[PDB]
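**Student:** Residue numbers (the entry's author numbering), protein chains in the order written: chain l, 63 to 124; chain f, 69 to 136; chain a, 14 to 50; chain n, 61 to 179; chain N, 61 to 179; chain j, 5 to 273. The beta carbon of each residue, even a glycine, is placed where N, CA and C say it ideally should be. Can you keep this structure in mind? I'll have questions shortly.
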Amino acid sequence: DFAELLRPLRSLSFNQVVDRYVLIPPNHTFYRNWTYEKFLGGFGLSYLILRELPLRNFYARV
Amino acid sequence: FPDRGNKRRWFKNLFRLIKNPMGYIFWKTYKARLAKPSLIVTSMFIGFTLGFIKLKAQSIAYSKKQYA
Amino acid sequence: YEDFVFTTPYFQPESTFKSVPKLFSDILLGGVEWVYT
Amino acid sequence: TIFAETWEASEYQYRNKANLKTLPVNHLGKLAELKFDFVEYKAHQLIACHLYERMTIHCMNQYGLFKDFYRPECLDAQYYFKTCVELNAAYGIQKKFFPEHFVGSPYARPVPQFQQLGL
Amino acid sequence: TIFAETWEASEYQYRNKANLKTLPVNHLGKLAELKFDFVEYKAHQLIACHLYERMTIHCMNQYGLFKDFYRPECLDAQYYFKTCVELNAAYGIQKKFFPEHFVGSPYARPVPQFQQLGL
Amino acid sequence: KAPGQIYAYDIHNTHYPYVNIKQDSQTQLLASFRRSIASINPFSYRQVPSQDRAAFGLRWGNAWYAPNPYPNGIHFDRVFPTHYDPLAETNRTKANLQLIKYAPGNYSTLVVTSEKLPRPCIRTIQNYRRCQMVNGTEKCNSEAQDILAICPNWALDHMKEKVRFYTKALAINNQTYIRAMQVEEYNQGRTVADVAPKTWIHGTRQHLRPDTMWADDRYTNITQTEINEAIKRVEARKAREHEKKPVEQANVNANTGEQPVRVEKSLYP
Ligand SMILES: CCCCCCCCCCCCCCCCCC(=O)OC[C@H](COP(=O)([O-])OCC(O)COP(=O)([O-])OC[C@@H](COC(=O)CCCCCCCCCCCCCCCCC)OC(=O)CCCCCCCCCCCCCCCCC)OC(=O)CCCCCCCCCCCCCCCCC
Ligand SMILES: CCCCCCCCCCCCCCCCCC(=O)OC[C@H](COP(=O)([O-])OCC(O)COP(=O)([O-])OC[C@@H](COC(=O)CCCCCCCCCCCCCCCCC)OC(=O)CCCCCCCCCCCCCCCCC)OC(=O)CCCCCCCCCCCCCCCCC
Ligand SMILES: CCCCCCCCCCCCCCCCCC(=O)OC[C@H](COP(=O)([O-])OCC(O)COP(=O)([O-])OC[C@@H](COC(=O)CCCCCCCCCCCCCCCCC)OC(=O)CCCCCCCCCCCCCCCCC)OC(=O)CCCCCCCCCCCCCCCCC
Ligand SMILES: CCCCCCCCCCCCCCCCCC(=O)OC[C@H](COP(=O)([O-])OCC(O)COP(=O)([O-])OC[C@@H](COC(=O)CCCCCCCCCCCCCCCCC)OC(=O)CCCCCCCCCCCCCCCCC)OC(=O)CCCCCCCCCCCCCCCCC
Ligand SMILES: CCCCCCCCCCCCCCCCCC(=O)OC[C@H](COP(=O)([O-])OCC(O)COP(=O)([O-])OC[C@@H](COC(=O)CCCCCCCCCCCCCCCCC)OC(=O)CCCCCCCCCCCCCCCCC)OC(=O)CCCCCCCCCCCCCCCCC
Ligand SMILES: CCCCCCCC/C=C/CCCCCCCC(=O)OC[C@H](COP(=O)(O)OCCN)OC(=O)CCCCCCC/C=C/CCCCCCCC
């Protein structure tokens, strides 16, 4: 398993490793925080659907 | 026997307050609000309440200064 | 001295006429803190 | 480098600085959290940071490094081992080049020579 | 000993200690509280503690020392004169044997020689 | 112009490895099902970061995972002395307001740091060093005065202390040199010619037997009769070794009203 962690490196040279994983071209235009906005924002969207539960008893929905 | 009709009454009023807080507060205070004080008294209530909340926020911000 | 030994290094009398020009330095009781709110 | 199994807890406490960390002995209770069977000798559990390393090897032998090693008892062993050798390397260097920072050092608060008392 | 009429207030403030007292100039306003007539020259009012001394003499010449000198304007003049010469004697000795305690002294926070910087 | 991927992505080949540390059947079953539908699941969250999208940490049930903070005995009591022992429990109990406050830095290590001297103070040092290597030290008084004037006094105190620390560290490294380069009594007259042609492997378990009786099968054929005969021989040698015994030394820690010496503790109570 320690040799499996280095599997994608054995097929590459050092120059290819640096260009592949180290020298990623700079691009600061992405909305990186969309991952959190989708996750935490899902609580509000889930509430919009959940506030319509056809459970007749009020205390059941409580 | 006790009055079993009053069971869990504090929970039920809590959930009704969460369901519609302004509707619960409105009707629970209707007869009391029939006597309305002057504009001065009402303004002093809001002025002193928001002033106390403003100082509370400044005390919270000072606690972050002491933590730093 | 009078039945007493007080060990001190060799005193330099030339240190008396040491030109020490006074420099400005003002203390402000009531100034700036590190952080503010 | 500590050349024993045990060390004085106060010898690694600061004298002129606030004490916000300790250098505790190896947490032997974490060894009983491993559910699988293993052989561990008591003669290796006291030396600093080594028990956590042997636990990590036992966990990396029973399980691998993917989706089976990621269990609370095995990740804490790897985290404690990594953290232990990092603190001990820092306290060891501070013990070598800053011996006067710790309680018990004669240079933390130097006692004067008798010639300095003027008697 | 101060060899002038005026002194820098900051030179008698401590640098490494809390400043709980100052060495203020003569309180010229107390000179106007004397009800009687007297002759005072402006050339004598700035030198330290001397105005309070002359006020005491003027009060002890107009009144005596019994039941007439005991008025608020005369007792404050004698108290200020006694307190002023006590504070100045203490500050004078502290200026002579502890010059490093005050703001403006080159020994309060010594600047190192260039040979100590290792460049 | 595709977004860059970190090295961890090539290990897992997916951005959605549903890794949950809580080892219960309900959690791992739901994680395996969510791991399979992550391509078409709108309720999918990344745990492998990328250049274009951030990611979440390791999950613990519905909450998030973080290892137990390394055991620390420092704490602060509120109502009564709790005698907190970080080694008495597996997981650290939460700090209640009326019970305890733990030390700062749940996840923190000890490092050495340094302040950065002001830029104008740095420029004066570069000017002095440059003027020194070109014109010599004797013609750099003005540049030396600019350092004493422009650099704030705290910076000059830091510069003064660095020289004193590195003087201390120099003496410590040289005392280690003397102890290391000291020729012991068992190496008198021995040079590199007396060294054996052995490497690190020649001192390991395969070539050098450890000092334990069951490291290998060396003593597995020893019968009880040979043991009794050995006890006789080891007692015969003791007729010459037991003749001498070191003398008992005086107790330097006799007076309990005196600061005791940190003497070597006895092996056994
Ligand atoms: C045509 C006729 C019908 C034929 C088809 C019939 C079959 C239909 C099913 C197939 C089609 C489904 C379509 C979507 C495909 C999804 C495929 C999939 O794998 O999803 C698995 C999906 C996700 O699994 P998961 O990984 O475990 O994530 C849920 C975790 O809770 C997550 O927890 P977390 O903590 O890890 O993360 C928090 C989470 C937030 O999660 C939460 O907070 C929810 C927590 C639940 C409440 C807590 C109480 C839980 C109680 C436990 C027991 C629950 C049992 C419920 C069983 C429900 C069975 C479905 O936030 C997020 O991660 C991101 C959320 C934002 C996502 C963006 C929203 C896109 C949704 C799609 C939009 C378009 C659809 C139309 C609009 C919606 C309809 C009006 O499983 C679910 O279904 C979860 C329940 C969601 C409610 C579903 C209600 C919508 C149903 C729509 C039906 C059609 C509309 C009505 C039409 C009527 C006329 C026909
Ligand atoms: C060996 C292995 C196994 C070991 C097992 C160990 C466990 C032992 C199990 C056996 C224990 C139970 C024994 C049988 C009990 C039978 C008694 C009975 O007949 O029922 C009486 C009682 C009668 O209630 P009720 O007549 O319907 O109405 C109450 C009145 O009408 C009043 O209603 P109200 O509307 O006027 O409201 C007032 C009410 C409640 O109003 C309150 O002010 C209390 C509020 C507490 C909740 C909030 C706490 C604040 C923190 C959270 C904030 C919430 C905010 C929410 C909103 C969000 C923000 C706005 O005041 C009360 O205190 C009522 C509580 C029930 C009375 C009992 C005497 C209490 C006096 C001392 C009070 C102090 C303790 C209170 C504890 C919490 C009470 C819910 O029923 C029960 O409470 C049932 C409790 C027993 C359920 C057993 C469940 C199964 C047990 C096994 C589960 C596994 C446990 C694992 C534990 C693991 C170890 C940690
Ligand atoms: C005592 C002095 C100190 C007081 C301290 C302050 C107290 C807390 C204040 C907090 C303020 C939050 C503001 C919320 C905005 C609500 C706006 C609104 O119009 O309210 C209607 C709104 C209902 O409108 P709706 O959306 O159409 O829901 C009706 C559906 O039929 C619903 O369907 P259903 O009827 O079938 O369900 C049963 C019903 C009744 O059953 C229950 O509610 C009982 C269960 C309660 C569980 C315990 C709740 C713990 C706290 C909630 C969770 C943490 C906060 C989450 C974020 C809330 C803020 C938006 O549930 C509900 O009513 C709605 C569910 C409650 C929320 C449940 C989910 C919580 C998480 C939300 C996820 C979505 C947002 C993501 C998070 C955002 C983070 C960035 O009520 C609420 O949602 C909750 C009210 C919150 C305030 C309650 C306390 C207010 C009064 C406090 C005392 C006032 C003193 C000053 C007055 C002086 C008088 C003289
Ligand atoms: C989690 C947060 C925890 C901390 C906060 C906790 C907050 C708890 C308190 C909640 C609110 C108080 C509860 C009120 C009960 C329900 C309402 C009510 O009073 O029923 C109406 C009822 C009669 O009113 P009404 O039937 O409608 O007749 C009036 C007509 O409409 C026409 O009016 P009128 O022409 O006949 O007379 C003019 C007007 C007279 O003009 C006034 O209304 C006087 C008040 C003007 C504004 C005063 C400043 C605003 C105060 C709130 C803002 C906080 C200030 C910051 C505090 C900093 C220091 C903590 O009369 C009135 O309108 C009602 C005055 C009766 C006194 C009002 C109740 C006491 C003042 C409010 C308590 C403040 C406590 C909040 C802070 C607590 C912090 C621990 O009043 C009574 O219950 C009778 C009780 C005896 C009252 C007279 C003697 C009072 C002796 C105690 C004074 C305590 C002062 C505390 C000062 C705070 C510290 C500086
Ligand atoms: C040809 C004539 C010109 C045309 C006139 C047309 C006028 C149009 C009238 C329309 C009325 C407004 C309609 C909508 C509002 C109705 C709902 C309402 O809230 O009314 C209050 C309503 C009724 O009040 P009330 O307790 O029944 O008292 C009724 C009267 O005030 C009577 O109370 P009283 O019987 O106890 O009388 C004694 C009086 C005793 O007063 C005096 O004896 C003399 C007062 C002298 C004032 C001294 C000023 C000193 C200034 C020093 C400033 C120095 C700092 C400046 C620094 C500047 C920078 C350097 O003391 C007061 O009551 C003063 C009340 C507050 C006065 C504030 C404005 C004063 C100046 C108004 C100028 C308007 C033009 C007048 C032209 C005519 C001149 C002859 O109060 C409520 O309970 C409803 C809710 C109130 C919630 C409070 C917070 C609400 C905030 C928003 C309010 C609405 C938006 C703003 C609208 C204007 C409000 C001020
Ligand atoms: C949200 C309001 C919608 C209506 C808007 C009306 C007003 C119109 C005025 C808009 C002015 C536009 C100003 C510029 C906005 C810029 C938008 C932005 O910053 O985010 C874009 C950003 C681009 O991402 P990157 O590739 O990382 O960045 C590359 C940048 N070149 O978009 C995103 O991150 C995606 C999130 C955006 C919102 C997504 C909405 C999701 C709603 C879900 C409902 C759809 C149903 C889903 C069903 C799923 C079925 C499998």
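#1: First and last residue of the beta strand (DSSP E) that includes residue 81 of chain j?
#2: Are any of the Cβ atoms in chain j nearer than 8 Å to that of residue 166 of chain N?
#3: Taking a Cβ distance cut-off of 8 Å, strictly less, list which residues of the segment 100-115 of chain l are near chain j, in chain order.
#4: Residues of the segment 16-47 of chain j in Cβ contact with chain l at a cutoff of 8 Å, in chain order, please.
#5: Measuring only between beta-carbons, confirm whether residue 45 of chain a sits less than 8 Å from chain f.
#6: Quick check: what's the CA-CA separation for residue 150 of chain N versus residue 145 of chain j?
#7: Residue 130 of chain f to residue 50 of chain a, Cα distance in whole Å?
#8: Chain l beta carbons: is any one of them nearer than 8 Å to that of residue 113 of chain f?
#9: Taking CB distances under 8 Å as the criterion, tell me whether residue 125 of chain n reaches chain l.
#10: According to DSSP, is residue 86 of chain n helix, strand or coil?
#11: Hey, out of j:56, j:20, j:69, j:188, whose CA is closest to residue 47 of chain j's CA?
#12: Determine which residues share a DSSP beta bridge with residue 24 of chain j and list them.
#13: If I follow the unbroken beta strand (DSSP E) through residue 105 of chain j, where does it start and stop?
#14: Can you give me the start and stop residues for the alpha helix (DSSP H) that residue 180 of chain j sits inside?
#15: If contact means a Cβ-Cβ distance below 9 Å, which residues of the segment 117-144 of chain j contact chain N?
#16: Please return the same chain residues whose Cβ sits closer than 7 Å to the Cβ of residue 159 of chain n, not counting the five positions on each side in sequence.
#17: Applying a beta-carbon distance threshold of less than 7 Å, which residues of chain f neighbour residue 21 of chain a?
#18: Thinking residue 125 of chain n and residue 81 of chain l are a contact (beta carbons under 8 Å), I'd like their distance in whole angstroms, please.
#19: Please report how far the alpha carbon of residue 71 of chain N lies from the alpha carbon of residue 93 of chain N, in whole angstroms.
#20: Quick one: what does DSSP say residue 74 of chain n is sitting in, helix, strand or coil?
#21: Among residues of its own chain, excluding the 5 on either side of residue 147 of chain n, which ones have a beta-carbon nearer than 8 Å to its beta-carbon?
#22: Is it the case that the segment 96-116 of chain j contacts the segment 61-69 of chain n, given that we only count it when at least three CB pairs across the two stretches are under 8 Å?
#23: Are residue 109 of chain n and residue 63 of chain n close, meaning C-beta to C-beta below 8 Å?
#24: Counting beta carbon pairs with one atom in the segment 22-37 of chain j and one in the segment 58-75 of chain j, are three or more of them shorter than 8 Å?
#25: Give me the chain N residues within the contact set of residue 148 of chain j, using Cβ-Cβ distance strictly less than 8 Å, ordered along the chain.
#26: Quick one, which residues of the segment 32-44 of chain a are near chain N if we go by CB-CB under 8 Å, in chain order?
#27: I need the residues with a C-beta less than 5 Å from some heavy atom of ligand 5; please give them in chain order.
#28: Can you round the beta-carbon distance between residue 83 of chain f and residue 124 of chain l to whole angstroms, since I take them to be within the 8 Å contact cut?
#29: Report yes if the CB atom of residue 90 of chain n is closer than 8 Å to the CB atom of residue 113 of chain j, and no otherwise.
**Tutor:** For this structure:
#1: 79-81
#2: no
#3: Those residues of the segment 100-115 of chain l that come within reach of chain j (Cβ to Cβ, closer than 8 Å) are 100, 101, 104.
#4: 47
#5: Taking 8 Å as the threshold, the shortest C-beta distance from residue 45 of chain a to chain f does not fall below it.
#6: 42 Å
#7: 6 Å
#8: no
#9: yes
#10: DSSP places residue 86 of chain n in the coil class of the three-state scheme, outside both helix and strand.
#11: Residue j:20 is the option with its Cα nearest to residue 47 of chain j.
#12: j:63
#13: 104-106
#14: Per DSSP, residue 180 of chain j belongs to the alpha helix (DSSP H) from 157-184.
#15: 129, 132, 133, 136
#16: Contacts found: 165, 167.
#17: Those do not exist, as residue 21 of chain a stays about 49 Å from chain f at its closest Cβ, beyond 7 Å.
#18: Actually they do not touch by this definition, with Cβ atoms about 27 Å apart.
#19: 31 Å
#20: DSSP places residue 74 of chain n in strand when its eight states are reduced to three.
#21: 81, 83
#22: no
#23: no
#24: yes
#25: What residue 148 of chain j touches in chain N: 174, 179.
#26: 33, 35, 36, 37, 38, 39, 40, 42
#27: f:106, f:107, f:110
#28: 5 Å
#29: no
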